[PDB]
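J.: So that you have it, the file is model_5.txt, and it contains compact mmCIF, N, CA, C and O atoms:
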# COMPACT_ATOMS: atom_id res chain seq x y z
N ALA A 5 -10.68 6.32 10.12
CA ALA A 5 -11.20 4.93 10.08
C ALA A 5 -10.09 3.93 10.40
O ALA A 5 -8.94 4.10 9.96
N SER A 6 -10.42 2.91 11.17
CA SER A 6 -9.47 1.87 11.54
C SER A 6 -9.09 1.06 10.31
O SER A 6 -9.85 0.98 9.35
N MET A 7 -7.91 0.44 10.35
CA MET A 7 -7.42 -0.33 9.21
C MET A 7 -8.34 -1.49 8.86
O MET A 7 -8.51 -1.81 7.70
N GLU A 8 -8.94 -2.09 9.88
CA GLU A 8 -9.91 -3.16 9.67
C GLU A 8 -11.12 -2.65 8.89
O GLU A 8 -11.69 -3.36 8.07
N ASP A 9 -11.50 -1.42 9.16
CA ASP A 9 -12.61 -0.80 8.46
C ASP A 9 -12.18 -0.42 7.05
O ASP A 9 -12.94 -0.57 6.09
N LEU A 10 -10.94 0.05 6.94
CA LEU A 10 -10.36 0.41 5.66
C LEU A 10 -10.28 -0.80 4.74
O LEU A 10 -10.35 -0.67 3.53
N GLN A 11 -10.12 -1.99 5.33
CA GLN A 11 -10.05 -3.24 4.56
C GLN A 11 -11.29 -3.38 3.68
O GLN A 11 -11.18 -3.62 2.47
N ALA A 12 -12.45 -3.20 4.29
CA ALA A 12 -13.72 -3.33 3.59
C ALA A 12 -13.98 -2.14 2.68
O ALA A 12 -14.54 -2.28 1.59
N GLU A 13 -13.57 -0.97 3.13
CA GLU A 13 -13.78 0.25 2.38
C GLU A 13 -12.88 0.33 1.15
O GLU A 13 -13.26 0.88 0.13
N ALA A 14 -11.70 -0.27 1.24
CA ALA A 14 -10.69 -0.19 0.18
C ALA A 14 -11.23 -0.58 -1.20
O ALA A 14 -11.11 0.19 -2.15
N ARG A 15 -11.83 -1.74 -1.30
CA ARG A 15 -12.34 -2.21 -2.59
C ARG A 15 -13.61 -1.48 -3.02
O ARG A 15 -13.98 -1.50 -4.19
N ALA A 16 -14.29 -0.84 -2.07
CA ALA A 16 -15.52 -0.13 -2.38
C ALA A 16 -15.25 1.32 -2.75
O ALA A 16 -15.86 1.86 -3.68
N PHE A 17 -14.32 1.93 -2.04
CA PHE A 17 -13.95 3.31 -2.28
C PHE A 17 -13.14 3.42 -3.56
O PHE A 17 -13.35 4.32 -4.38
N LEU A 18 -12.23 2.48 -3.75
CA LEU A 18 -11.40 2.47 -4.93
C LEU A 18 -12.10 1.77 -6.08
O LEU A 18 -13.08 1.06 -5.88
N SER A 19 -11.59 1.97 -7.27
CA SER A 19 -12.16 1.39 -8.46
C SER A 19 -11.45 0.09 -8.79
O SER A 19 -10.31 -0.12 -8.35
N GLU A 20 -12.09 -0.79 -9.55
CA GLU A 20 -11.45 -2.04 -9.93
C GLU A 20 -10.27 -1.77 -10.84
O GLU A 20 -9.25 -2.45 -10.76
N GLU A 21 -10.40 -0.75 -11.68
CA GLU A 21 -9.30 -0.32 -12.53
C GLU A 21 -8.14 0.18 -11.68
O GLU A 21 -6.98 0.09 -12.07
N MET A 22 -8.48 0.68 -10.50
CA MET A 22 -7.50 1.21 -9.56
C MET A 22 -6.75 0.09 -8.86
O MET A 22 -5.53 0.03 -8.92
N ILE A 23 -7.49 -0.81 -8.22
CA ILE A 23 -6.88 -1.91 -7.47
C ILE A 23 -6.06 -2.82 -8.39
O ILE A 23 -5.04 -3.37 -7.98
N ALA A 24 -6.50 -2.96 -9.64
CA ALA A 24 -5.77 -3.75 -10.61
C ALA A 24 -4.48 -3.05 -11.04
O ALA A 24 -3.48 -3.69 -11.34
N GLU A 25 -4.52 -1.71 -11.03
CA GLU A 25 -3.37 -0.91 -11.41
C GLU A 25 -2.31 -0.93 -10.32
O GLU A 25 -1.13 -1.12 -10.59
N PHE A 26 -2.74 -0.74 -9.08
CA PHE A 26 -1.82 -0.74 -7.95
C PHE A 26 -1.14 -2.11 -7.84
O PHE A 26 0.03 -2.22 -7.47
N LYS A 27 -1.89 -3.14 -8.20
CA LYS A 27 -1.40 -4.51 -8.19
C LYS A 27 -0.27 -4.69 -9.21
O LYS A 27 0.62 -5.51 -9.00
N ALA A 28 -0.29 -3.92 -10.29
CA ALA A 28 0.72 -4.03 -11.35
C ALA A 28 2.12 -3.78 -10.80
O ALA A 28 3.03 -4.58 -11.01
N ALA A 29 2.28 -2.68 -10.10
CA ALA A 29 3.56 -2.32 -9.51
C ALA A 29 3.88 -3.22 -8.33
O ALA A 29 5.05 -3.49 -8.03
N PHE A 30 2.85 -3.67 -7.65
CA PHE A 30 3.00 -4.57 -6.52
C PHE A 30 3.52 -5.94 -6.96
O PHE A 30 4.55 -6.41 -6.49
N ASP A 31 2.81 -6.55 -7.90
CA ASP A 31 3.12 -7.90 -8.37
C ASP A 31 4.50 -7.99 -9.02
O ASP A 31 5.14 -9.04 -8.97
N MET A 32 4.96 -6.91 -9.62
CA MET A 32 6.29 -6.89 -10.25
C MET A 32 7.41 -6.78 -9.20
O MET A 32 8.56 -7.11 -9.47
N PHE A 33 7.05 -6.34 -8.00
CA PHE A 33 8.00 -6.14 -6.91
C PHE A 33 7.90 -7.24 -5.86
O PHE A 33 8.34 -7.07 -4.72
N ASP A 34 7.34 -8.37 -6.27
CA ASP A 34 7.12 -9.49 -5.37
C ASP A 34 8.44 -9.99 -4.75
O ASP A 34 9.33 -10.49 -5.43
N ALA A 35 8.56 -9.80 -3.44
CA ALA A 35 9.73 -10.25 -2.70
C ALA A 35 9.60 -11.71 -2.29
O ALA A 35 10.51 -12.51 -2.47
N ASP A 36 8.45 -12.04 -1.71
CA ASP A 36 8.16 -13.43 -1.30
C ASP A 36 7.65 -14.20 -2.50
O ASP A 36 7.68 -15.43 -2.55
N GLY A 37 7.19 -13.45 -3.47
CA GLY A 37 6.67 -13.98 -4.71
C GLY A 37 5.27 -14.52 -4.59
O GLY A 37 4.73 -15.06 -5.56
N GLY A 38 4.67 -14.37 -3.43
CA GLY A 38 3.28 -14.69 -3.30
C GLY A 38 2.54 -13.62 -2.54
O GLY A 38 2.66 -13.56 -1.33
N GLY A 39 1.77 -12.81 -3.25
CA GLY A 39 0.90 -11.81 -2.61
C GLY A 39 1.59 -10.84 -1.63
O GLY A 39 0.91 -10.10 -0.93
N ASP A 40 2.92 -10.83 -1.58
CA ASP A 40 3.64 -10.00 -0.61
C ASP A 40 4.87 -9.34 -1.21
O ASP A 40 5.63 -9.97 -1.97
N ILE A 41 5.08 -8.08 -0.86
CA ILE A 41 6.26 -7.34 -1.29
C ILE A 41 6.97 -6.80 -0.07
O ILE A 41 6.47 -6.92 1.04
N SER A 42 8.15 -6.27 -0.25
CA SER A 42 8.90 -5.71 0.85
C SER A 42 8.39 -4.30 1.22
O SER A 42 7.96 -3.54 0.36
N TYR A 43 8.44 -3.98 2.52
CA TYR A 43 8.03 -2.66 3.02
C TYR A 43 8.90 -1.57 2.41
O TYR A 43 8.45 -0.46 2.18
N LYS A 44 10.14 -1.90 2.18
CA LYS A 44 11.08 -0.98 1.58
C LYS A 44 10.79 -0.84 0.08
O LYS A 44 11.05 0.20 -0.53
N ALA A 45 10.22 -1.89 -0.49
CA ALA A 45 9.87 -1.93 -1.91
C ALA A 45 8.56 -1.19 -2.20
O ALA A 45 8.43 -0.53 -3.23
N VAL A 46 7.60 -1.28 -1.27
CA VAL A 46 6.29 -0.65 -1.45
C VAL A 46 6.40 0.87 -1.63
O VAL A 46 5.61 1.48 -2.35
N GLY A 47 7.40 1.47 -1.00
CA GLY A 47 7.61 2.90 -1.12
C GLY A 47 7.88 3.31 -2.56
O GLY A 47 7.45 4.38 -3.01
N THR A 48 8.57 2.45 -3.29
CA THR A 48 8.90 2.70 -4.68
C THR A 48 7.66 2.55 -5.57
O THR A 48 7.55 3.22 -6.59
N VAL A 49 6.73 1.69 -5.15
CA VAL A 49 5.50 1.44 -5.90
C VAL A 49 4.77 2.75 -6.18
O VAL A 49 4.34 3.00 -7.31
N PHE A 50 4.67 3.59 -5.17
CA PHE A 50 4.04 4.89 -5.30
C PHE A 50 4.74 5.73 -6.36
O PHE A 50 4.10 6.36 -7.19
N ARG A 51 6.07 5.69 -6.36
CA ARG A 51 6.86 6.52 -7.26
C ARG A 51 6.70 6.07 -8.70
O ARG A 51 6.69 6.89 -9.62
N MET A 52 6.55 4.77 -8.89
CA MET A 52 6.42 4.20 -10.23
C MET A 52 5.05 4.50 -10.81
O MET A 52 4.92 4.77 -12.01
N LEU A 53 4.04 4.46 -9.97
CA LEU A 53 2.67 4.70 -10.42
C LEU A 53 2.32 6.19 -10.44
O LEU A 53 1.24 6.57 -10.87
N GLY A 54 3.25 7.02 -9.99
CA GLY A 54 3.01 8.46 -9.99
C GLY A 54 2.16 8.91 -8.83
O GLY A 54 1.42 9.88 -8.92
N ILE A 55 2.28 8.20 -7.73
CA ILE A 55 1.53 8.51 -6.53
C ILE A 55 2.47 9.12 -5.49
O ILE A 55 3.61 8.66 -5.33
N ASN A 56 2.00 10.13 -4.81
CA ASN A 56 2.80 10.77 -3.79
C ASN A 56 2.22 10.49 -2.42
O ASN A 56 1.19 11.04 -2.05
N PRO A 57 2.87 9.61 -1.65
CA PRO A 57 2.41 9.25 -0.32
C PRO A 57 2.76 10.32 0.71
O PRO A 57 3.46 11.29 0.41
N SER A 58 2.30 10.13 1.92
CA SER A 58 2.54 11.07 2.98
C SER A 58 3.76 10.64 3.79
O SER A 58 4.07 9.44 3.86
N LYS A 59 4.46 11.60 4.38
CA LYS A 59 5.68 11.31 5.15
C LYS A 59 5.41 10.37 6.33
O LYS A 59 6.26 9.56 6.70
N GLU A 60 4.21 10.46 6.91
CA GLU A 60 3.83 9.59 8.01
C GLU A 60 3.57 8.18 7.51
O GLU A 60 3.80 7.20 8.22
N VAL A 61 3.09 8.08 6.28
CA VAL A 61 2.83 6.79 5.67
C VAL A 61 4.13 6.13 5.28
O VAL A 61 4.31 4.94 5.47
N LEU A 62 5.05 6.92 4.75
CA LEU A 62 6.38 6.43 4.38
C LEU A 62 7.12 5.91 5.60
O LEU A 62 7.87 4.94 5.53
N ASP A 63 6.90 6.56 6.73
CA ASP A 63 7.50 6.16 7.99
C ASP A 63 6.85 4.86 8.50
O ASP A 63 7.49 4.06 9.18
N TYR A 64 5.59 4.67 8.12
CA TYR A 64 4.81 3.50 8.52
C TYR A 64 5.41 2.20 7.99
O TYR A 64 5.42 1.20 8.68
N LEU A 65 5.92 2.21 6.77
CA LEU A 65 6.51 0.98 6.22
C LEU A 65 7.83 0.71 6.88
O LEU A 65 8.16 -0.43 7.20
N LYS A 66 8.58 1.78 7.09
CA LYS A 66 9.90 1.69 7.65
C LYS A 66 9.87 1.08 9.06
O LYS A 66 10.69 0.22 9.39
N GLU A 67 8.92 1.53 9.87
CA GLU A 67 8.78 1.02 11.23
C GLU A 67 8.41 -0.47 11.22
O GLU A 67 8.82 -1.23 12.10
N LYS A 68 7.65 -0.88 10.21
CA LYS A 68 7.23 -2.26 10.08
C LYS A 68 8.41 -3.16 9.73
O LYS A 68 8.45 -4.32 10.12
N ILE A 69 9.37 -2.60 8.98
CA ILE A 69 10.57 -3.34 8.60
C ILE A 69 11.29 -3.84 9.84
O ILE A 69 11.74 -4.98 9.90
N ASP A 70 11.38 -2.98 10.83
CA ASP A 70 12.08 -3.29 12.07
C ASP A 70 11.33 -4.34 12.89
O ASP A 70 11.94 -5.14 13.59
N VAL A 71 10.01 -4.34 12.79
CA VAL A 71 9.19 -5.28 13.56
C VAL A 71 9.13 -6.65 12.89
O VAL A 71 9.21 -7.69 13.56
N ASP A 72 9.03 -6.66 11.57
CA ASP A 72 8.90 -7.91 10.83
C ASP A 72 10.26 -8.50 10.49
O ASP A 72 10.39 -9.73 10.35
N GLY A 73 11.27 -7.65 10.39
CA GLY A 73 12.62 -8.10 10.07
C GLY A 73 12.77 -8.50 8.62
O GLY A 73 13.62 -7.94 7.91
N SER A 74 11.97 -9.47 8.18
CA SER A 74 11.98 -9.88 6.80
C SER A 74 11.66 -8.68 5.93
O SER A 74 12.32 -8.43 4.92
N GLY A 75 10.65 -7.93 6.34
CA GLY A 75 10.33 -6.72 5.67
C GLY A 75 9.22 -6.88 4.66
O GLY A 75 9.16 -6.15 3.71
N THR A 76 8.35 -7.85 4.86
CA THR A 76 7.29 -8.10 3.88
C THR A 76 5.91 -7.60 4.31
O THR A 76 5.50 -7.73 5.47
N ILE A 77 5.20 -7.04 3.34
CA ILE A 77 3.86 -6.50 3.51
C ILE A 77 2.89 -7.16 2.52
O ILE A 77 3.25 -7.42 1.36
N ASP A 78 1.68 -7.43 2.98
CA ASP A 78 0.65 -8.07 2.15
C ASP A 78 0.04 -7.07 1.16
O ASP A 78 0.16 -5.86 1.34
N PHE A 79 -0.62 -7.60 0.16
CA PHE A 79 -1.29 -6.80 -0.85
C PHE A 79 -2.42 -6.00 -0.22
O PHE A 79 -2.64 -4.84 -0.57
N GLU A 80 -3.13 -6.62 0.71
CA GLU A 80 -4.23 -5.97 1.40
C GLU A 80 -3.73 -4.75 2.13
O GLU A 80 -4.26 -3.67 1.96
N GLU A 81 -2.67 -4.91 2.92
CA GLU A 81 -2.09 -3.79 3.65
C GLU A 81 -1.69 -2.70 2.68
O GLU A 81 -2.04 -1.54 2.86
N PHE A 82 -0.99 -3.10 1.62
CA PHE A 82 -0.54 -2.19 0.56
C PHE A 82 -1.70 -1.40 -0.03
O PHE A 82 -1.68 -0.17 -0.09
N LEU A 83 -2.71 -2.12 -0.47
CA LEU A 83 -3.85 -1.53 -1.13
C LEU A 83 -4.69 -0.70 -0.14
O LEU A 83 -5.25 0.33 -0.50
N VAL A 84 -4.76 -1.15 1.10
CA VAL A 84 -5.51 -0.44 2.12
C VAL A 84 -4.87 0.93 2.43
O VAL A 84 -5.58 1.90 2.72
N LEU A 85 -3.54 1.01 2.35
CA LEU A 85 -2.83 2.27 2.58
C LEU A 85 -3.29 3.33 1.57
O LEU A 85 -3.37 4.52 1.88
N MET A 86 -3.61 2.87 0.36
CA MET A 86 -4.03 3.74 -0.74
C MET A 86 -5.32 4.49 -0.43
O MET A 86 -5.54 5.59 -0.94
N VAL A 87 -6.17 3.90 0.42
CA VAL A 87 -7.48 4.48 0.72
C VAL A 87 -7.38 5.92 1.24
O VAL A 87 -7.96 6.83 0.67
N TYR A 88 -6.61 6.12 2.31
CA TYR A 88 -6.48 7.46 2.86
C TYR A 88 -5.60 8.34 1.99
O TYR A 88 -5.82 9.55 1.91
N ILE A 89 -4.62 7.74 1.33
CA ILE A 89 -3.76 8.46 0.39
C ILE A 89 -4.61 9.17 -0.66
O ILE A 89 -4.40 10.35 -0.95
N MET A 90 -5.58 8.45 -1.21
CA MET A 90 -6.45 9.00 -2.24
C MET A 90 -7.45 9.99 -1.67
O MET A 90 -7.86 10.93 -2.35
N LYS A 91 -7.84 9.80 -0.42
CA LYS A 91 -8.79 10.70 0.24
C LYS A 91 -8.18 12.07 0.48
O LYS A 91 -8.88 13.08 0.50
N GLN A 92 -6.87 12.11 0.68
CA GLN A 92 -6.17 13.36 0.92
C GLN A 92 -5.51 13.87 -0.36
O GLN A 92 -4.96 14.98 -0.39
N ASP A 93 -5.56 13.07 -1.41
CA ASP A 93 -4.94 13.41 -2.68
C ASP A 93 -5.79 14.38 -3.47
O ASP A 93 -6.98 14.13 -3.69
N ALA A 94 -5.17 15.47 -3.91
CA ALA A 94 -5.82 16.51 -4.71
C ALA A 94 -7.06 17.09 -4.02
O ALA A 94 -8.17 16.50 -4.16
Write out the structure in this file as structure tokens.
T.:
Amino acid sequence: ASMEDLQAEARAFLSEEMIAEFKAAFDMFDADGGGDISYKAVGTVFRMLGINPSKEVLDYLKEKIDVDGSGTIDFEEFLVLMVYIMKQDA
């Protein structure tokens, strides 16, 4: 599914308890301090919440760092990444 499709699916596939939980590690790692964290920081979010991402996904944030320079990712992007992570999880 395309990321645009994942946007809509994210809140429907995931639970409210889930999106609120992922936000916990996200909001504490606020780089811009408004709805955005660093791409390098988001990788740690998974580790703190006990989530194991995929090597291709981990590479996905890193490549974005080089394109954005600042290195910031939105909550939507962050939370949308979780969709496929959970689909392949367990």
J.: Could you pull out the strand (DSSP E or B) residues of chain A from DSSP and send them as a ChimeraX atom specification?
T.: /A:34,40-42,76-78
J.: Just how far from CA of residue 32 in chain A is CA of residue 6 in chain A, in Å to one decimal?
T.: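 Value for the CA of residue 6 in chain A-CA of residue 32 in chain A distance: 28.3 Å.
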J.: So, counting only C-alpha atoms, which residue among A:44, A:30, A:5, A:25 is closest to residue 72 in chain A?
T.: A:44
J.: Just give me the gap between atom C of residue 78 in chain A and atom C of residue 93 in chain A in Å, one decimal is fine.
T.: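 Value for the atom C of residue 78 in chain A-atom C of residue 93 in chain A distance: 22.7 Å.
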J.: Which one of A:89, A:77, A:94, A:83 sits closest to residue 61 in chain A if you count only C-alpha atoms?
T.: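 The shortest atom-to-atom distance to residue 61 in chain A comes from A:89.
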J.: Take CA of residue 39 in chain A and atom N of residue 79 in chain A and report the distance between them in Å, one decimal.
T.: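 Distance between the two atoms: 5.3 Å.
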